[PDB]
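Asks: Following this line is coords_33.cif, made up of mmCIF, C-alpha atoms:
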data_protein
#
loop_
_atom_site.label_atom_id
_atom_site.label_comp_id
_atom_site.auth_asym_id
_atom_site.auth_seq_id
_atom_site.Cartn_x
_atom_site.Cartn_y
_atom_site.Cartn_z
CA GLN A 1 92.04 65.72 104.83
CA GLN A 2 90.49 69.15 105.56
CA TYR A 3 92.54 71.68 103.47
CA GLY A 4 92.46 75.43 103.96
CA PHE A 5 93.84 78.83 103.07
CA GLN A 6 94.90 81.90 105.05
CA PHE A 7 97.20 84.90 104.68
CA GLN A 8 99.38 86.92 106.95
CA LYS A 9 99.85 90.60 106.23
CA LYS A 10 103.44 91.86 106.58
CA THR A 11 105.13 95.32 106.23
CA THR A 12 108.22 96.42 104.20
CA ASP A 13 109.28 99.50 106.18
CA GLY A 14 109.41 96.99 109.03
CA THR A 15 106.72 98.88 110.95
CA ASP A 16 104.32 96.50 112.72
CA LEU A 17 100.66 97.53 112.45
CA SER A 18 97.88 98.12 114.99
CA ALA A 19 94.30 96.94 114.59
CA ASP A 20 93.14 100.46 113.74
CA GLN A 21 94.62 100.39 110.22
CA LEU A 22 93.62 96.68 109.92
CA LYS A 23 90.08 98.17 109.91
CA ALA A 24 90.67 99.40 106.36
CA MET A 25 92.50 96.23 105.33
CA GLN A 26 90.19 93.98 103.26
CA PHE A 27 90.98 90.76 101.39
CA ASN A 28 88.82 88.70 99.03
CA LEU A 29 88.98 85.06 98.04
CA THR A 30 87.35 84.01 94.78
CA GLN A 31 86.67 80.61 93.36
CA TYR A 32 86.62 80.49 89.62
CA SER A 33 84.28 78.33 87.53
CA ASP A 34 86.93 77.23 85.02
CA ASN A 35 90.73 76.54 85.07
CA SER A 36 90.81 79.52 82.79
CA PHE A 37 90.46 81.81 85.80
CA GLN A 38 88.28 84.11 83.64
CA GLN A 39 84.84 83.90 85.48
CA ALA A 40 84.24 83.80 89.29
CA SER A 41 81.95 81.30 91.09
CA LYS A 42 81.71 82.71 94.63
CA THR A 43 83.84 85.50 96.14
CA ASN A 44 83.88 86.14 99.87
CA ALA A 45 85.95 88.51 102.04
CA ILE A 46 88.53 86.83 104.34
CA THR A 47 90.26 88.28 107.41
CA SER A 48 93.78 87.80 108.73
CA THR A 49 92.29 85.74 111.63
CA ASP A 50 90.61 82.99 109.54
CA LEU A 51 91.29 79.79 107.54
CA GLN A 52 88.80 79.13 104.67
CA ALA A 53 88.52 75.38 104.19
CA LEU A 54 88.78 75.11 100.37
CA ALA A 55 87.31 72.42 98.01
CA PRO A 56 89.49 71.23 95.07
CA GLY A 57 89.18 74.05 92.59
CA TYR A 58 90.62 77.19 91.08
CA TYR A 59 90.96 80.23 93.32
CA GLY A 60 92.14 83.78 93.53
CA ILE A 61 93.24 85.99 96.44
CA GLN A 62 93.50 89.76 96.12
CA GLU A 63 93.84 92.65 98.59
CA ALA A 64 90.91 94.94 98.12
CA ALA A 65 91.91 97.66 100.62
CA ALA A 66 95.34 98.15 102.20
CA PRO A 67 95.76 98.98 105.92
CA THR A 68 95.38 102.78 106.40
CA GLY A 69 98.52 104.64 105.19
CA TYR A 70 100.08 101.72 103.34
CA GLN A 71 99.98 101.31 99.58
CA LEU A 72 97.41 99.10 97.88
CA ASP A 73 98.54 96.06 95.92
CA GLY A 74 95.57 94.98 93.84
CA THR A 75 97.37 91.99 92.40
CA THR A 76 95.19 88.95 92.43
CA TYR A 77 97.28 85.82 92.83
CA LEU A 78 95.79 82.63 91.34
CA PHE A 79 96.15 79.11 92.72
CA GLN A 80 94.42 75.81 92.66
CA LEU A 81 93.76 72.98 95.01
CA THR A 82 94.05 69.78 93.03
CA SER A 83 91.77 66.90 93.70
CA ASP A 84 94.65 64.82 95.07
CA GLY A 85 95.42 67.53 97.62
CA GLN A 86 98.30 69.16 95.72
CA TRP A 87 98.55 72.93 95.53
CA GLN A 88 99.51 74.82 92.41
CA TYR A 89 100.13 78.36 91.35
CA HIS A 90 98.68 79.87 88.23
CA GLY A 91 99.97 83.44 88.22
CA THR A 92 98.40 86.89 88.60
CA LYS A 93 95.10 87.97 87.00
CA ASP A 94 97.16 89.90 84.42
CA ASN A 95 99.35 86.87 83.77
CA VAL A 96 97.60 83.49 83.86
CA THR A 97 100.05 80.57 83.56
CA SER A 98 99.92 76.83 83.18
CA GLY A 99 100.21 76.06 86.86
CA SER A 100 103.19 75.15 89.02
CA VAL A 101 103.22 72.99 92.13
CA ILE A 102 103.92 75.26 95.13
CA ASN A 103 106.75 73.26 96.64
CA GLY A 104 107.13 74.45 100.22
CA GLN A 105 107.32 78.18 99.40
CA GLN A 106 106.74 79.99 96.13
CA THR A 107 107.96 83.56 95.82
CA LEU A 108 105.45 85.81 94.15
CA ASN A 109 105.83 89.38 92.86
CA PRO A 110 108.19 91.88 94.64
CA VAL A 111 106.88 94.66 96.87
CA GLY A 112 109.58 97.29 97.02
CA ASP A 113 112.43 95.55 98.85
CA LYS A 114 110.43 92.35 99.59
CA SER A 115 108.47 89.67 97.68
CA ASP A 116 105.14 88.03 98.66
CA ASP A 117 105.13 84.20 98.75
CA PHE A 118 102.83 81.14 99.02
CA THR A 119 103.96 78.63 101.68
CA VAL A 120 102.31 75.17 102.08
CA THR A 121 102.12 74.92 105.89
CA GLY A 122 100.73 71.90 107.71
CA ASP A 123 101.18 68.21 108.72
CA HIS A 124 99.72 66.90 105.45
CA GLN A 125 100.85 69.93 103.41
CA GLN A 126 97.24 71.05 103.55
CA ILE A 127 97.34 74.66 104.62
CA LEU A 128 98.36 77.16 101.92
CA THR A 129 99.37 80.52 103.33
CA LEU A 130 99.91 83.70 101.36
CA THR A 131 102.26 86.34 102.92
CA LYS A 132 101.36 89.80 101.42
CA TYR A 133 103.63 92.88 102.12
CA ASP A 134 102.57 96.53 102.09
CA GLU A 135 104.72 99.46 100.99
CA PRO A 136 104.12 102.43 103.39
CA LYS A 137 102.55 105.43 101.69
CA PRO A 138 105.12 108.31 101.40
CA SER A 139 105.45 110.94 104.17
CA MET A 140 106.05 114.72 103.93
CA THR A 141 108.06 117.18 106.08
CA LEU A 142 107.38 120.66 107.44
CA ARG A 143 110.08 123.38 107.15
CA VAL A 144 110.23 126.83 108.84
CA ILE A 145 112.09 129.92 107.59
CA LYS A 146 111.56 132.72 110.16
CA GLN A 147 112.69 136.28 109.33
CA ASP A 148 112.82 139.77 110.86
CA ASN A 149 111.26 142.90 109.29
CA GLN A 150 114.70 143.64 107.78
CA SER A 151 114.89 140.31 105.83
CA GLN A 152 117.69 139.13 108.13
CA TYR A 153 117.38 135.56 109.31
CA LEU A 154 115.89 135.33 112.78
CA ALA A 155 116.23 132.72 115.53
CA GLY A 156 114.40 132.00 118.81
CA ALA A 157 110.95 131.83 117.19
CA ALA A 158 109.00 128.76 118.18
CA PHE A 159 106.17 126.98 116.39
CA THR A 160 104.14 124.05 117.67
CA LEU A 161 102.51 121.69 115.14
CA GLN A 162 99.36 120.24 116.70
CA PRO A 163 98.34 117.05 114.84
CA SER A 164 94.57 116.47 114.59
CA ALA A 165 95.01 113.18 116.42
CA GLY A 166 98.42 112.99 118.12
CA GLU A 167 100.73 114.96 120.43
CA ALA A 168 101.91 118.46 119.51
CA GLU A 169 105.62 119.04 118.66
CA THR A 170 107.40 122.38 118.80
CA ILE A 171 110.61 123.74 117.29
CA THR A 172 112.53 126.97 117.70
CA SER A 173 113.67 128.96 114.65
CA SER A 174 117.31 128.96 113.69
CA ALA A 175 118.38 131.85 111.49
CA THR A 176 119.65 129.46 108.81
CA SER A 177 119.35 129.59 104.99
CA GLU A 178 118.12 125.98 105.27
CA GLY A 179 115.59 126.73 108.04
CA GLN A 180 114.37 124.25 110.62
CA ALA A 181 112.48 120.97 110.07
CA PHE A 182 110.00 119.13 112.32
CA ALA A 183 111.09 115.55 113.04
CA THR A 184 107.40 114.56 112.95
CA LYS A 185 106.73 113.63 109.30
CA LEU A 186 103.27 114.36 107.87
CA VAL A 187 101.52 111.07 107.02
CA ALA A 188 99.15 110.67 104.06
CA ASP A 189 95.54 111.84 104.48
CA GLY A 190 96.56 113.12 107.97
CA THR A 191 95.35 116.49 109.26
CA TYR A 192 97.51 118.87 111.33
CA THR A 193 97.76 122.47 112.56
CA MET A 194 100.61 124.75 113.71
CA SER A 195 101.38 128.29 114.70
CA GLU A 196 104.11 130.07 116.58
CA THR A 197 104.26 128.67 120.14
CA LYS A 198 106.21 131.74 121.37
CA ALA A 199 107.07 135.05 119.68
CA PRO A 200 110.79 135.92 119.25
CA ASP A 201 112.39 138.29 121.80
CA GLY A 202 112.25 141.53 119.86
CA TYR A 203 109.18 140.91 117.73
CA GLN A 204 105.33 140.96 117.93
CA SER A 205 102.87 138.06 118.19
CA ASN A 206 101.61 135.98 115.28
CA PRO A 207 97.96 134.88 115.60
CA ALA A 208 97.23 132.83 112.43
CA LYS A 209 97.38 129.06 112.74
CA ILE A 210 98.31 127.17 109.59
CA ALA A 211 96.31 123.93 109.11
CA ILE A 212 97.81 121.39 106.67
CA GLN A 213 95.67 118.45 105.45
CA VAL A 214 97.73 115.95 103.35
CA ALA A 215 96.27 114.00 100.41
CA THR A 216 95.78 110.23 100.47
CA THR A 217 98.78 110.04 98.14
CA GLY A 218 100.97 111.61 100.81
CA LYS A 219 102.86 113.40 98.05
CA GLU A 220 100.75 116.58 98.00
CA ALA A 221 99.02 118.72 100.62
CA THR A 222 96.47 121.51 101.17
CA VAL A 223 97.56 124.20 103.59
CA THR A 224 95.35 127.02 104.80
CA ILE A 225 96.31 129.91 107.16
CA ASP A 226 93.44 130.94 109.47
CA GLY A 227 91.24 128.90 107.07
CA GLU A 228 92.30 130.83 103.95
CA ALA A 229 93.75 128.93 100.98
CA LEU A 230 97.33 129.77 100.04
CA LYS A 231 99.63 128.65 97.21
CA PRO A 232 103.45 128.11 97.05
CA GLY A 233 105.05 131.55 96.57
CA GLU A 234 102.03 133.35 98.08
CA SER A 235 102.01 135.14 101.42
CA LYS A 236 99.20 135.46 104.01
CA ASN A 237 99.91 136.91 107.47
CA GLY A 238 103.68 136.95 107.09
CA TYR A 239 103.87 133.30 106.04
CA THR A 240 105.17 132.30 102.59
CA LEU A 241 104.34 128.81 101.11
CA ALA A 242 107.13 126.79 99.45
CA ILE A 243 106.63 123.18 98.37
CA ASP A 244 109.52 121.03 97.08
CA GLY A 245 107.97 117.61 96.38
CA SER A 246 107.53 116.06 99.83
CA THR A 247 108.76 119.16 101.68
CA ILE A 248 106.50 122.01 102.90
CA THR A 249 108.37 125.22 103.74
CA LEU A 250 107.15 128.23 105.74
CA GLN A 251 109.06 131.47 105.69
CA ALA A 252 107.58 133.82 108.24
CA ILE A 253 108.46 137.51 108.66
CA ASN A 254 108.14 138.92 112.17
CA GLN A 255 107.54 142.57 112.90
CA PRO A 256 109.14 144.18 115.98
CA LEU A 257 106.98 145.11 118.99
CA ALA A 258 105.24 148.47 118.92
CA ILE A 259 107.15 150.72 121.37
CA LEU A 260 104.87 153.58 122.47
CA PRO A 261 106.69 156.49 124.23
CA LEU A 262 106.21 157.66 127.88
#
Take the structure in the file and give it back as structure tokens.

Replies:
Amino acid sequence: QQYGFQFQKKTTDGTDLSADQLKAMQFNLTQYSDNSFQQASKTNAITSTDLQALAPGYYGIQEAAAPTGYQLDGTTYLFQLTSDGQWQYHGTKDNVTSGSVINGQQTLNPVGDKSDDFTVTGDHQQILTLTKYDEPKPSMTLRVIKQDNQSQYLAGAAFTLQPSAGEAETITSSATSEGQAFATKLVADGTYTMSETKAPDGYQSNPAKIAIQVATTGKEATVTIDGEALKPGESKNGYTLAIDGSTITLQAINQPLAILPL
């Protein structure tokens, strides 16, 4: 007798989410003036916690901000609560349709692997629940090529990447054509730093820290060495920048230690 609406927010990658990203996550529920869905009456934000009790009428639910690091789906699904208590689905905002009863569960539009649905929960079929999924924003990897003064591949060199917020992770150079990669992927609009953790046996120290701040896209980055901007194919302090889509590659040349004589 007292009908309502709520959504649960799921994930495609399978990752469950903490409340810290849910800070960003924002959803809005609109009530339209006409069955046309063309002009809003009242629109109010709604959280994952709530149920809005809904009067018979035409309504729209759309994610306004995705949880931090997951991709935004600004689809606005469109439904109606009929005066006799039935629920019905009208489409997206970009595809308004003549209205279907939502019989148990209605699958909506796919999100990568998955598809969002409406499900009519409740004893008197009187709670309508939307399940929205969120595609994780793409990551990005860090690669190290470490070389001697003689352009021969060098191993034993170690670099630690110190994430702005997070635990540092360190790898030791392998003298391989294909270099060495950090397991710790660089997440979109995340800020990190790294230098050499320990100089290789025969070679001098390397002072410059490289600080890499990834775009919100997570498909591009800005990397600066000791605060100085560098570009792929350019070399500052014995580091060379090489970007292959999601991959960031550092080839570093090490000089041998100065050996002064007795």

Asks: For the file shown, what are the residues hit by the PyMOL selection byres ((chain A and resi 106) around 9), laid out as JSON, numbers by chain?

Replies: {"A": [89, 101, 102, 103, 104, 105, 107, 108, 116, 117, 118, 119, 120]}

Asks: Which residues fall under the PyMOL selection byres ((chain A and resi 19) around 12) in this file, as a VMD selection string?

Replies: chain A and resid 9 16 to 18 20 to 25 47 to 49 67 to 68

Asks: For the structure shown, which residues end up in the PyMOL selection byres ((chain A and resi 3) around 12)? Put them as a CSV table (one decimal) with C-alpha atoms, in the coordinates of the input, please?

Replies:
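Now in expr-v3.csv:
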chain,number,residue,atom,x,y,z
A,1,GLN,CA,92.0,65.7,104.8
A,2,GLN,CA,90.5,69.2,105.6
A,4,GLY,CA,92.5,75.4,104.0
A,5,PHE,CA,93.8,78.8,103.1
A,6,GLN,CA,94.9,81.9,105.0
A,51,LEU,CA,91.3,79.8,107.5
A,52,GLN,CA,88.8,79.1,104.7
A,53,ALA,CA,88.5,75.4,104.2
A,54,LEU,CA,88.8,75.1,100.4
A,55,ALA,CA,87.3,72.4,98.0
A,56,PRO,CA,89.5,71.2,95.1
A,57,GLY,CA,89.2,74.0,92.6
A,80,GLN,CA,94.4,75.8,92.7
A,81,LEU,CA,93.8,73.0,95.0
A,82,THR,CA,94.0,69.8,93.0
A,83,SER,CA,91.8,66.9,93.7
A,84,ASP,CA,94.6,64.8,95.1
A,85,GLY,CA,95.4,67.5,97.6
A,86,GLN,CA,98.3,69.2,95.7
A,87,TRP,CA,98.6,72.9,95.5
A,120,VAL,CA,102.3,75.2,102.1
A,121,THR,CA,102.1,74.9,105.9
A,122,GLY,CA,100.7,71.9,107.7
A,123,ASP,CA,101.2,68.2,108.7
A,124,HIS,CA,99.7,66.9,105.4
A,125,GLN,CA,100.8,69.9,103.4
A,126,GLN,CA,97.2,71.0,103.6
A,127,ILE,CA,97.3,74.7,104.6
A,128,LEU,CA,98.4,77.2,101.9
A,129,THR,CA,99.4,80.5,103.3

Asks: Scan for residues within 6 Å of the point (105.7, 136.2, 105.8) in the coordinates of the file, using only C-alpha atoms, and reply as a PyMOL selection string.

Replies: chain A and resi 235+238-240+251-253

Asks: Write out, as CSV, each residue of stretch 63-152 of chain A that has an atom at most 6 Å from stretch 173-196 of chain A, together with the closest pair of atoms and their distance in Å to one decimal, counting only C-alpha atoms, rows going by chain and rising number.

Replies:
residue,atom,partner,partner_atom,distance
A:139,CA,A:187,CA,4.9
A:140,CA,A:186,CA,4.8
A:141,CA,A:185,CA,5.0
A:142,CA,A:182,CA,5.7
A:143,CA,A:181,CA,4.5
A:144,CA,A:180,CA,5.2
A:145,CA,A:179,CA,4.8

Asks: Ranking A:99, A:151, A:64, A:132 by minimum distance to residue A:115 and counting all atoms listed in the file, which one comes first?

Replies: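 Looking at the shortest contact to residue A:115, the residue is A:132.
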
Asks: Return the single residue from A:65, A:257, A:130, A:72 that is closest to residue A:201, with distances computed using only C-alpha atoms.

Replies: A:257

Asks: Tell me which protein, DNA and RNA residues are within 9 Å of stretch 203-207 of chain A, counting only C-alpha atoms, leaving out same-chain ones fewer than 2 positions away, and put them as a ChimeraX atom specification.

Replies: /A:148-149,195-196,198-201,209,226,237-238,254-258

Asks: Can you spit out the residues from that selection as a PDB file, in the frame of the given file, using C-alpha atoms?

Replies:
ATOM      1  CA  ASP A 148     112.820 139.770 110.860  1.00  0.00           C
ATOM      2  CA  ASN A 149     111.260 142.900 109.290  1.00  0.00           C
ATOM      3  CA  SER A 195     101.380 128.290 114.700  1.00  0.00           C
ATOM      4  CA  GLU A 196     104.110 130.070 116.580  1.00  0.00           C
ATOM      5  CA  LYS A 198     106.210 131.740 121.370  1.00  0.00           C
ATOM      6  CA  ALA A 199     107.070 135.050 119.680  1.00  0.00           C
ATOM      7  CA  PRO A 200     110.790 135.920 119.250  1.00  0.00           C
ATOM      8  CA  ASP A 201     112.390 138.290 121.800  1.00  0.00           C
ATOM      9  CA  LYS A 209      97.380 129.060 112.740  1.00  0.00           C
ATOM     10  CA  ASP A 226      93.440 130.940 109.470  1.00  0.00           C
ATOM     11  CA  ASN A 237      99.910 136.910 107.470  1.00  0.00           C
ATOM     12  CA  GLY A 238     103.680 136.950 107.090  1.00  0.00           C
ATOM     13  CA  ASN A 254     108.140 138.920 112.170  1.00  0.00           C
ATOM     14  CA  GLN A 255     107.540 142.570 112.900  1.00  0.00           C
ATOM     15  CA  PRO A 256     109.140 144.180 115.980  1.00  0.00           C
ATOM     16  CA  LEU A 257     106.980 145.110 118.990  1.00  0.00           C
ATOM     17  CA  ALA A 258     105.240 148.470 118.920  1.00  0.00           C
TER      18      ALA A 258
END

Asks: Calculate how many Å separate atom CA of residue A:208 from atom CA of residue A:138, rounding to one decimal.

Replies: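 Calculated distance between atom CA of residue A:208 and atom CA of residue A:138 is 28.0 Å.
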
Asks: Please indicate the distance in Å from atom CA of residue A:215 to atom CA of residue A:243, rounded to one decimal place.

Replies: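 For atom CA of residue A:215 relative to atom CA of residue A:243, the distance reads 14.0 Å.
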
Asks: How far is it from atom CA of residue A:7 to atom CA of residue A:100, in Å with one decimal?

Replies: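 Rounded to one decimal, the two atoms are 19.4 Å apart.
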
Asks: Stretch 77-153 of chain A near stretch 27-45 of chain A within 10 Å: what's each residue's closest atom pair and its distance in Å to one decimal, counting all atoms listed in the file, ordered by chain then ascending residue number, as a Markdown table?

Replies:
| residue | atom | partner | partner_atom | distance |
| --- | --- | --- | --- | --- |
| A:77 | CA | A:29 | CA | 9.8 |
| A:78 | CA | A:37 | CA | 7.7 |
| A:79 | CA | A:37 | CA | 9.4 |
| A:80 | CA | A:35 | CA | 8.5 |
| A:90 | CA | A:37 | CA | 8.8 |
| A:91 | CA | A:37 | CA | 9.9 |
| A:92 | CA | A:37 | CA | 9.8 |
| A:93 | CA | A:37 | CA | 7.8 |
| A:96 | CA | A:37 | CA | 7.6 |
| A:97 | CA | A:36 | CA | 9.3 |
| A:98 | CA | A:35 | CA | 9.4 |
| A:99 | CA | A:35 | CA | 9.7 |
